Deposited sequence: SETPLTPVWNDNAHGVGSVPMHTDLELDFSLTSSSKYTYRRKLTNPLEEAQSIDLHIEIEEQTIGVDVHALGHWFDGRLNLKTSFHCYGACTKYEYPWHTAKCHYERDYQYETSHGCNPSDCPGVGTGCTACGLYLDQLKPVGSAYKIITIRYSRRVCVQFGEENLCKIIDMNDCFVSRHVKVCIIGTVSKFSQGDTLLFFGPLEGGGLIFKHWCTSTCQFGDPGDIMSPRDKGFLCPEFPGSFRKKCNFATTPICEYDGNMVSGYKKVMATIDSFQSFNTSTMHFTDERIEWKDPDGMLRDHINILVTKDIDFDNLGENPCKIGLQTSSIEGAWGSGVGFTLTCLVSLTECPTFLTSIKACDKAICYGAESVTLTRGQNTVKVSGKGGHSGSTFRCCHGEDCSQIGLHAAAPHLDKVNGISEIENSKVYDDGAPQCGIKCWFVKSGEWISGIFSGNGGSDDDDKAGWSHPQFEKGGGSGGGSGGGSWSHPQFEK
């Protein structure tokens, strides 16, 4: 007969047994403080609420640096091309009757920015509530709720600035801001594209294609190339106003993740705060079920839009069944979650996730509780 469920984050209330409601639209980039002494219609309760500015957390794959460069054309006339040491090149031989060779190569290379592929975007605010001698702080994700015996704080919002798959480019001492690219080259990079010339890891260029053709023109042959000769950096700069900038504040780069506070004050979210002074709220997720967790296996990749899957062994006691969520987390960041009705005893639960880095150990978690160890996922782009 029981059907315990902790996936509901919120409260049941009797509107006549509630004492205070705060309901408002708040600038995303602003904090908010509320302080009041709650008195009886000779004992007072101190209420102190602090809501911090909206933070964005983006799980990314670092793509390395984008480069500007010049495309050079050379003519030579077995026996190797004069330009052979160039990493990025294209050639055609005209031979017989040794050869007579046309070559293209990139040179005057210079890094212009660092690029990051968006894997996941999540917004949150840190919320702290003191009610009497109770003090509790929690990072509340947008579209989730802070729940306590006497106070509920729900945040509801939407933002459409960034999308999964976008590429963020930072031109310099990041902070300040960057550009969003919606069409950074991936499966085909041709010279001229945004993202054309990349160095994924300081060494090794991923060279673009040169889709055009050579031609040979009473003396010496002269080579011509009839494709595009303008680098992607130059083409983008020539129409820079076509691209979308964003600004940042208090940036924090870590491996495969960027967090910051977006200072765009045009954005708002909705905050609702409900307080009951006497009779406790009915916590909708209250239950007597107890969960033990450990990892079993993992497959897939960090830093990947495809992602990974963490297999968890989950033990349920004190309930016949329990509808809940099992998460894949490491160091207080969660990368995926699976809603599941557990049955009493052992359960096997697969959790699909995305994000993290080579050093991540993805743990099986329930609420704030996690397994003793996590598992590493595989590298992407092998």
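Residues of the deposited sequence with no modelled C-alpha atom fall in the ranges 1-5, 47-49, 86-92, 113-127, 248-250, 416-495.
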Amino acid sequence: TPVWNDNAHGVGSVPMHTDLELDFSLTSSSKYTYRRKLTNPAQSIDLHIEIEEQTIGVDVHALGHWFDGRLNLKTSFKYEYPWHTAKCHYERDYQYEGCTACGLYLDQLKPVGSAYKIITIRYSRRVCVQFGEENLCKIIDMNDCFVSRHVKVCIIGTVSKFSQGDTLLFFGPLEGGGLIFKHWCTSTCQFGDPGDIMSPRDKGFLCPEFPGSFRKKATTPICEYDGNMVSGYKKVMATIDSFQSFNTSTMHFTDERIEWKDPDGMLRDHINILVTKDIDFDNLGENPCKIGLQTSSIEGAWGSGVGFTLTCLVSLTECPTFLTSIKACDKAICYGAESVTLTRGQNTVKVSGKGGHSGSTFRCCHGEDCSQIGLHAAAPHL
From here on, numbers count along this sequence of modelled residues.
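Whichever C-alpha set is largest while still superposing within 1.5 Å between the two forms counts as the rigid core.
Per-stretch RMS Cα distance to the displayed form in 5 other deposited structures of this protein, following rigid core alignment, is highest for 81-89 when 120-128 and 81-89 are compared.
For the pair 100-108 and 286-294, rigid core superposition yields a higher RMS C-alpha distance in 5 other deposited structures of this protein in 100-108. Across the other PDB entries of this protein whose models span the neighbouring residues, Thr219 goes unmodelled in a third or more. The mean C-alpha temperature factor is higher for 81-89 when 81-89 and 116-124 are set side by side. When the mean C-alpha temperature factors of 134-142 and 297-305 are read from the deposited coordinates, 134-142 comes out higher. Take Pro263, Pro288, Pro111, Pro208 and read off each C-alpha B-factor from the entry; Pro288 has the highest. As recorded in the PDB entry, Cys223 shows the highest C-alpha B-factor of the residues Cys312, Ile155, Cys223, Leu267. Ranked by Cα temperature factor within the chain, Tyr32 sits in the middle third according to the deposited record.
Sort the modelled residues of the chain by CA B factor and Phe281 lands in the highest third. The deposited CA B-factor of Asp255 belongs to the middle third of values across its chain.
Per-chain ranking of the deposited C-alpha B factor places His183 in the middle third. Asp330: CA B factor in the middle third of modelled residues in this chain (values from the PDB entry).
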